[PDB]
């Protein structure tokens, strides 16, 4: 398990959380020195628990699928909550079985359904450490519309930060003042799968991508990534989704 406390949190402590989160995902190889997540894991071993503590010290435990960094669901006091999707339903057979009731959320976990449920896209939702604190607090008590916004925060500040150094740095820059994600951040989130694939297909093709990936950069300019020398590959992405899952 890994843990993060908002009480006394700073850019360093957050960075040590995100490092512990990355280190908790198993891999047996690296591809261009980036950890390759496993094709699958059977049983309870598929799921990492993240223990998150709000500023007053209340906690939720969040289950994460180690093969893709997807949030399956969470436990808040004696109630478990799972996404309305078959991967989470399967995950509920292994984690949080000690909950006194299990609620299935009225949406699946993907960004588009979450944004619908929230009433807004995540371009308009501030992230950062204060927002994470707020998110944890929201999830303590069921409200499905509020929880959608909170989960959008939680996913970006945990899983998305683990996947990309840039996003981790964005959040560190937002330790004491929330701000909506930069459009680069949104672009990386949306491209994780495709980047992961193209980095794996570059092995066998002289480091060249089969199909270029289009990103939005830090200045807001639209840029093509065509090979493993790009900074996104050498100095940013930290975890590759296995092509067996794409």
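Numbering follows the first chain given and starts at 1.
Mean CA temperature factor is higher for 92-100 when stretches 133-141 and 92-100 are set side by side in the entry. Averaged over CA atoms, B-factors in the entry run higher in 203-211 than in the other of 203-211 and 57-65.
Per the deposited coordinates, the residue with the largest Cα temperature factor out of 52, 38, 188, 180 is 38. Per the PDB record, residue ranking by Cα B-factor puts residue 232 in the middle third of the chain. When the modelled residues of the chain are ordered by their C-alpha B factor, residue 86 lands in the highest third. In the deposited entry, the Cα temperature factor of residue 6 sits in the bottom third of values across the chain's modelled residues. Per-chain ranking of the deposited C-alpha B factor places residue 18 in the lowest third. The entry lists a Cα temperature factor for residue 108 that places it in the middle third of the chain's modelled residues.
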